[PDB]
Amino acid sequence: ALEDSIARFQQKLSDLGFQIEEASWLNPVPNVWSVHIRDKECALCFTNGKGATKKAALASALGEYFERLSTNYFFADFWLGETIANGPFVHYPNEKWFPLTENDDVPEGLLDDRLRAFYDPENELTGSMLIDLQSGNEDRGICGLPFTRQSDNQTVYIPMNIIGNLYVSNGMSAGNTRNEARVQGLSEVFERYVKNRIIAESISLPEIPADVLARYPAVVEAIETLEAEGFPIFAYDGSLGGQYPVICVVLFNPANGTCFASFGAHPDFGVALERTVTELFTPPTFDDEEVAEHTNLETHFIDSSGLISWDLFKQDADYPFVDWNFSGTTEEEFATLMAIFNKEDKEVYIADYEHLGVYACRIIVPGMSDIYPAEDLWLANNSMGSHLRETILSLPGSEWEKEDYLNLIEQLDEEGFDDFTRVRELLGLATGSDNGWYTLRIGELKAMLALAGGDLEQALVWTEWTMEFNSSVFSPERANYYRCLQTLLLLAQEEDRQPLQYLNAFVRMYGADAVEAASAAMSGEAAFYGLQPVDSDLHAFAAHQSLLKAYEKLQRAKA
Amino acid sequence: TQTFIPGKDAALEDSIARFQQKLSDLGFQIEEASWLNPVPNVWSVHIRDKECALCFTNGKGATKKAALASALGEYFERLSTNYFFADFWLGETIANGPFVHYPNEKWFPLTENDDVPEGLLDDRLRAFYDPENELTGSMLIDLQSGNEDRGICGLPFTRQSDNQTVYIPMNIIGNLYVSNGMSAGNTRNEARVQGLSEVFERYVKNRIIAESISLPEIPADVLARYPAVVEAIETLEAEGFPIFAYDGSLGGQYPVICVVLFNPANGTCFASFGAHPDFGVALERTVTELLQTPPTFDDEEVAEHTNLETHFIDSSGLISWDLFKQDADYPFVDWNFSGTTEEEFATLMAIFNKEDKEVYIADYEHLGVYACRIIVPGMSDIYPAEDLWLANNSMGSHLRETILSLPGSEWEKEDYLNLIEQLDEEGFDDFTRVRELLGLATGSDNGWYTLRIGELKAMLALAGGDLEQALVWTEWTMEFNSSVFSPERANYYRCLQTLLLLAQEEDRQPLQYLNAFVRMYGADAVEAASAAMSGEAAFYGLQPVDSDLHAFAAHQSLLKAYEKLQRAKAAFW
Ligand SMILES: Nc1ncnc2c1ncn2[C@@H]1O[C@H](COP(=O)(O)CP(=O)(O)OP(=O)(O)O)[C@@H](O)[C@H]1O
Ligand SMILES: Nc1ncnc2c1ncn2[C@@H]1O[C@H](COP(=O)(O)CP(=O)(O)OP(=O)(O)O)[C@@H](O)[C@H]1O
Ligand SMILES: [Mg+2]
Ligand SMILES: [Mg+2]
Ligand SMILES: [Mg+2]
Ligand SMILES: [Mg+2]
Ligand SMILES: [Mg+2]
Ligand SMILES: [Mg+2]
């Protein structure tokens, strides 16, 4: 019962030491709700609930709260600092650390044989590329988490690095029962796997007949409202000829000429239908190749503003409609779904968490659950920067030689980092919104270095870059600083002109504090404007401290 | 009550009462739209013709009445000179009427080898506008008439050294001088002094700017003389806007003040300029105009003519950082050229004589208020004479009838495709608004209002059934216009674009997508885009246009206004 689920979850969250607060409701059309819930003491811990009734949505918001604390997902994009990294356990007590080997292969106790073949077919994957982000603890080695391989009920250790880079928040769930949660999570796997096929393969799906939709009047109502509100809707059978329990529903916005495709899965057709609808841009396209691109599907996952083929909407479907149904008790539904995975010759790997007093699972199904492709462990690995962290956080206040600064630029180039990459994302820093690190990108950091190493020609290049691409999100203060610095750098290039002449004017336009700071920057003295120096427990960031305080509550719960 | 401000020859309250009355008598319903009093001692007002949206002015002054009198004075300035109608073709009836511009105008038929007819211009002007002697006569056809057969309309101007009449082609006046050096006033001389000062304002400005000059600050004890301005500046300064006040005389030569505002919030500056024989009036004029881009070290981009051309339209142009250098290139001069409007006129004219610059004035009294128009080639120019070849506002006059015929036209497909190539060969810019190129007051509620050359090329490619070109320009169209199209029209273009892209997919079956298209774009939009593709009805949203522009109600209101001026002119002669 929704009301039990809510009462229980609220209570348990409170007991755990979390002050949870309800930010903002919404009831856009009939039979559709959502709510935003937040940790009153950590801005970064928050969820979004959705359902066809108000309570359904609150229960969803709270359930996702336990899903994300149980799995540690809130903290998944952040380094947890040197103390936690060197503590008894980082992720879970039952985690397992595999030191790096002398030739840097992937240690033997990790993964299994099928996984090794899938993630690393060429056998070129090194061990040091699998260091989890949270610890960044190369000396301690590769953290691996336990997962029950389902065919033979044996434990398998999967590196947290792999889990987090390729599966992210996919196939996680929390529930009232072990099986309820697993059915939700396994369905979440079908949702996203089928979706990526329907989309990438530019499939035309078959409409759901009107007399079938009629069974679910509360959804029909939500659609008639959207349709009368000026938004054409398409409801589709995403089963691909009865195979998978997936509904797809697409909204058109004629005002902008764009479409928005939602997907949803559950063993019961009707639940799946509603799930897809409650979950409601770019126009459709005939670009067979741009739709299929991994970066398109990767977008669709983050937010659903991705490219959909016009082929989806073709009159003639590639599969017939099937009035499917896989329903029953959560226990039966779990077996029915698992049956499908067995039919596909796809090993399922589950991991159970009960340490917060609510059951929560995390489900990997390599070859289906993947959101990102394994090549990304080489090309787009979220701990690629872990080894520069200490160097970079030292820079504010640092007084190295000018060559050292200019080399770090060349290193960033040689290591192939993207200029647009946010530094706070690359190092796993919860900086909070009120300082320079919050908007600092690689390109800006290059400007800063060129200044500290006294190469004013490069400095200008990246200062221009910086403004071209950041100034719209800088604070007034900071944007002004950059305008001023830019002027002075341009003046430096004028060898005919006499800096003193312009000094009064500059002070009037930019303000004295800004001019004094931009000059310090140019003299290589204080190049790293607005960046405070950062200790290796991130005391410097109060945001990050609030993150760690939250994580302490989970560590204690784990013991 | 009677308020006599410096340099005017009549109390504000009289000037207002007179002007309002005279406007009414002329048959104009004038209405006051919106006042403003942003800082102390600075006002402005917007006045509008209740029956023509395009006829409107903006008044500015240091008191409320000063501003209203300004607004009204600029109203007579712009009716007297015909400037409201200067960007529009006036249709075939007016073009072939007794007189188009003024009764005393003069028409010079084109010659057999197409030289510029002999009664036009004089010798110094010919040397200035056309040093290479390559200017042809057919390039000088005024826009308003577009009447090549009737020839080059030329307006009379009293050359001032020897008091002789000189005929200047309306085309030249309008392309290079525009609204510069026009004025209206309470007296002949008041108006002329305002207008001649307007000339110095803009000439000196263009030197100060282009030559990246550092001006000398106006001393504080000098500013002190004009507390009402000082108050306006302190307010702007405390409001967060640094101000710089400058002597723009260039060492006492010219009666020009320059005042620059900084906006630290966006790191930009705004330079205002102003001229009047009396220092104090000039100061206030410069300040009130601050409220009716960042600086740069680019010596070359500041001087570029396109920069100074912007400054005139806009004041959002590039200023050199050099303006603000501590050390000035000229010393401050506590200048003064003042006296009675009669004396001030001579004093100013003295300066032009010193410069060896002929002044050409033209007087208008046919609306019951004196108004002048002053050309001073080599100083009054806003645009350079090279623009009579490259950027001539009647370059398109000869395609007008062809283009306005297109909606409803049923020519051969080759004819449509050629007109594209012609538009390319004649070197028109794709971004150019067609309604500006033909002089059409279309009003905001139809396809012509936003129609650019690039879109027209799309429309022609569709009518001439070249769907590959049609796509190129339909994409172009949306990339650069869709943000200003009406919902309806933007949607039509989204649909047309999809269908043109589908036409390129040789693997795909149009019928499959048909239901989906009808759902996204709507049936009307799909039916229209298909007609367009079949070359049947390509010119979407463009109604056909008769050669008196009855099709456009906006333009009709423009002509109804101009009738009132014609009758007034007839009366006077
Ligand atoms: N009574 C209840 N109602 C709804 N969800 C509940 C619930 N009890 C537990 N939950 C859990 O709360 C989580 C909320 O997610 P849901 O509302 O069911 C859609 P989701 O696809 O997981 O959201 P996502 O797109 O953000 O991933 C799920 O893991 C679900 O198992
Ligand atoms: N009594 C009066 N008070 C103020 N302006 C008057 C006036 N009588 C006539 N005018 C006229 O008002 C018209 C507009 O001039 P002003 O607005 O005061 C400066 P401007 O140089 O025309 O600015 P602008 O060219 O940027 O519009 C001029 O033709 C001016 O001579
Ligand atoms: Mg979920
Ligand atoms: Mg979902
Ligand atoms: Mg279909
Ligand atoms: Mg004027
Ligand atoms: Mg002015
Ligand atoms: Mg100066």
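X-ray crystallography is the method the PDB entry states for this structure, with the resolution given as 3.29 Å.

Caption draft 1: Molecular detail of the pattern of salt bridges. Tallying each qualifying case throughout the model produces 55 salt bridges over all chains. Ionic pairing is found between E279 of chain A and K50 of chain A, a salt bridge with its closest N-O pair at 3.0 Å. Note that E279 of chain A is positioned in the loop between α9 (269–278) and α10 (288–292) and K50 of chain A in strand β3 (residues 42–51), a separation of 229 residues in sequence. Relative accessible area serves as the criterion here: at 33%, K50 of chain A is assigned to the partly exposed category. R225 of chain B is the salt-bridge partner of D334 of chain B, the closest N and O atoms lying 2.7 Å from each other. On the basis of relative accessible area, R225 of chain B is assigned to the partly exposed category, the value being 41%. One connected set of salt bridges, linked through shared partners, spans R178, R182, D352 and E354 of chain A.

Caption draft 2: Focus on the sheet that holds strand β8 (residues 243–247) of chain B. Across the sheet, three strands lie side by side as β8-β9-β10 (chain B); this open sheet has antiparallel pairing. Each edge of the open sheet carries a strand with a single partner, namely β8 and β10 (268–275) of chain B. Each adjacent strand pair in this sheet contributes to an overall mean axis angle of 15 degrees, direction not counted. Direction of pairing for β8 of chain B relative to strand β9 (residues 256–263) of chain B: antiparallel, over a ladder of five bridges. Looking at the pairing, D247 of chain B lines up with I257 of chain B of β9 of chain B. Strand contacts of helix α20 (residues 499–510) of chain A: β8, β9 and β10 of chain B, with the helix running at about 50 degrees to β9 of chain B, the strand carrying the most contacts. Strand contacts of helix α6 (residues 188–210) of chain B: β9 and β10 of chain B, with the helix running at about 140 degrees to β10 of chain B, the strand carrying the most contacts.

Caption draft 3: Structural context of the interface of chain B and chain A. Taken together, the contacts link 35 residues of chain B with 35 residues of chain A. Roughly 3000 Å² is buried in total at the junction of chain B and chain A, and carbon and sulfur atoms are behind 57% of that figure. The tally of links between chain B and chain A comes to six salt bridges. A salt bridge links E237 of chain B to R508 of chain A; its shortest N-O distance comes to 2.5 Å. Of all the secondary-structure elements, those providing two or more residues to the side of chain B that touches chain A are β8, β9, β10, α19 (487–504) and α20 (510–521) of chain B. Along the lines of polarity and charge, the residues of the side of chain B that touches chain A split into 18 nonpolar, eight polar and nine charged.

Caption draft 4: Spotlight on the site of ligand 1. Residue and element names in this part refer to chain A. Ligand 1 sits among 19 residues. The nearest are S60, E64, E67, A174 and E188. In isolation ligand 1 exposes 630 Å². Once the protein is present, 84% of that is buried. Elements with a contribution of two residues or more to the shell around ligand 1: α1 (2–15), α2 (54–70), β7 (172–175) and α6 (178–200). For the shell around ligand 1, the element with the most residues is α2, which contributes five residues. Split into classes, the residues belonging to the shell around ligand 1 amount to four nonpolar, seven polar and eight charged.

Caption draft 5: Representation of the nonpolar core in the model. Residues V260 and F324 of chain B are the most contacted members of the largest nonpolar core, which totals 117 residues. Tallying contributions element by element places α6 of chain B first for this core, with nine residues.

Caption draft 6: Geometry of the domain arrangement of chain A. Residue and element names in this part refer to chain A. The domain boundaries assigned to chain A delineate domain 1 (1–79), domain 2 (80–176 + 346–382), domain 3 (177–345) and domain 4 (383–534). Here the C-alpha centre of domain 3 lies 29 Å away from the C-alpha centre of domain 2. Each partner contributes to the interface: domain 2 provides 28 residues, whereas domain 3 provides 21 residues. A combined buried area of about 2100 Å² lies between domain 2 and domain 3, and 59% of that area is made up of carbon and sulfur atoms. In this assembly, domain 2 and domain 3 are joined by four salt bridges.

Caption draft 7: Examining the site of ligand 2 more closely. All names here are of chain B. Neighbouring residues of ligand 2: 19 residues in total, closest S70, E74, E77, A184 and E198. Contact between ligand 2 and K60: an oxygen atom at 2.8 Å from a side-chain N or O atom of the residue. Taking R202, its side chain carries an N or O atom lying 2.9 Å from an oxygen atom of ligand 2. Counting residues per element, the ones that place at least two in the shell around ligand 2 are α1 (12–26), α2 (64–80), β7 (182–185) and α6. When residues of the shell around ligand 2 are assigned to their parent elements, the largest contribution, six residues, is made by α2. Considering only residue class, the shell around ligand 2 consists of four nonpolar, six polar and nine charged.

Reading guide: rules and limits
- Entry numbering is not used for residues: they are numbered from 1 along each chain in the order the sequence is written, which may differ from it, and residues without coordinates are omitted.
- Here chains are named by letter from A upward and ligands by number from 1 upward, in the order in which they appear as written.
- Note: side-chain values were computed over all heavy atoms of the structure, leaving out hydrogens and water.
- Note on definitions: salt bridges are taken to be side-chain nitrogens of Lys or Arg within 4 Å of carboxyl oxygens of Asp or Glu.
- Strands are runs of DSSP state E lasting at least 2 residues, helices are runs of H or I lasting at least 4, and numbering of each runs from the N terminus.
- Exposure categories follow from relative accessible area, calculated using a 1.4 Å probe and restricted to protein chains: below 20% of the type maximum is buried, above 50% is exposed, and the middle band is partly exposed.
- Pairs of strands are assigned from DSSP output, requiring at least two bridges between the strands.
- A fitted line through C-alpha atoms serves as each axis, taken over the contacting stretch for helices, and the angle formed by two N-to-C directions is quoted from 0 to 180°.
- Here a residue-residue contact requires only that any non-hydrogen atoms of the pair lie within 4.5 Å.
- Buried surface area refers to the total accessible area, computed with a probe of radius 1.4 Å, that the two partners give up upon joining, counted for both partners together.
- Residues are sorted three ways: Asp, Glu, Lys and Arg are charged, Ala, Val, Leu, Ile, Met, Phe, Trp, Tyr, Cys and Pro are nonpolar, and all the rest, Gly among them, are polar.
- Note on definitions. A residue lies near a molecule or strand when any single heavy atom of the residue is within 4 Å of it.
- Surface exposure here means Shrake-Rupley accessible area, sampled with a 1.4 Å probe, where a residue is shielded only by the protein chains that are shown.
- To define a nonpolar core, start from buried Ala, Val, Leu, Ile, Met, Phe, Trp, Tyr and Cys residues and group those joined through side-chain atoms within 4.5 Å.
- Domain start and stop positions are those given by an automatic or database domain assignment.
- We define a polar contact as two N or O atoms separated by no more than 3.5 Å, with the added condition that, inside protein, one atom must be a possible hydrogen donor and the other a possible acceptor, whereas residues neighbouring each other in sequence contribute only through side-chain atom pairs.

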